[PDB]
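Only one chain is shown below, in structure tokens, and it's the form deposited in one PDB entry.
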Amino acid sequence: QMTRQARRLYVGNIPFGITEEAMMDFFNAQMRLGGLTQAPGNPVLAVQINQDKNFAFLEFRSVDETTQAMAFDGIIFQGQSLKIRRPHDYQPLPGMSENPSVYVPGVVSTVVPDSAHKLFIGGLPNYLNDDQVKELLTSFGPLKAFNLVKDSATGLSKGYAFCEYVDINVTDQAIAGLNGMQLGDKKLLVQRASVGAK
């Protein structure tokens, strides 16, 4: 019921062509290797893929492993940052908090909250994947959050992104270092996202 929705997650921005088996094997292996499972065996029970909108719902064997799984928001799978979110009709169970107790080194969250230091990157070649765009930005250091915007129709980048660095103080060096860089046949725009936000 309510309990089943506390055992499901939306997984968006899934790569083209992924089977249910590959998604399951990836999550099961990574959760166990990552130490996120709380009992022996595989934590994922089921996977339902919608290839038309590039998302899956994952179903887990337990409520607490579902919550821990949210620490994989932004994990890279075949070059793409998976977006992990609660079901819209999730309601937390009494005596449970809805966010995880664990941080997985190297996972960069896809949630980029509005802030003084959040950046907008525009002008990206739209054939560069999430990891390839992250590798660009991380020439100024580790990212704290990042999302590349995709076109729900080409299965493809709309050519702009948002991010936030771990180090506050690199923000101006990043704009300075990237604003206007030529990239194949296009020049980069980089600025604080508050500047062109509708």
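Residues that one form lacks are left out of the comparison. Note that the rigid core is defined as the largest set of C-alphas that superpose within 1.5 Å between two forms. Don't overthink the numbering: it's just position in the shown sequence, from 1.
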| query | finding |
| --- | --- |
| Per the entry, higher mean C-alpha B factor between 151 to 159 and 65 to 73 | 151 to 159 |
| Stretch with the greater mean C-alpha B-factor as recorded in the entry, comparing 176 to 184 against 18 to 26 | 176 to 184 |
| Identity of residue with top Cα B-factor, from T171, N42, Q38, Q51 | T171 |
| CA B-factor ranking of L119, expressed as a third of its chain | lowest |
| CA B-factor placement of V102, once the chain's modelled residues are sorted into thirds | highest |
| Assigned third (lowest, middle, highest) for the C-alpha B factor of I84 | lowest |
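There is another form of this protein, the form deposited in another entry, and it is not shown here; the text below is about that form.
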{"item": "Mobile residue between the shown form and the other one, C-alpha criterion 2 Å or more, rigid core, from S62, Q48, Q30, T138", "value": "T138"}
{"item": "Cα displacement of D185 between the shown form and the other one reaching 2 Å, rigid core superposed", "value": "yes"}
{"item": "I18 C-alpha shift between the shown form and the other one of 2 Å or more, rigid core reference", "value": "no"}
{"item": "Yes/no, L82 Cα shift of 2 Å or more between the shown form and the other one with rigid core fixed", "value": "no"}
{"item": "Pair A145/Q30, Cα separation in that other deposited form versus the displayed form, closer or farther by 3 angstroms or more", "value": "farther"}
{"item": "Distance direction in that other deposited form for the C-alpha atoms of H88 and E164, relative to the displayed form (3 angstroms or more)", "value": "closer"}
{"item": "Consecutive-residue runs (3+) with Cα displacement of 2 Å or more between the shown form and the other one, core aligned", "value": "116 to 194"}
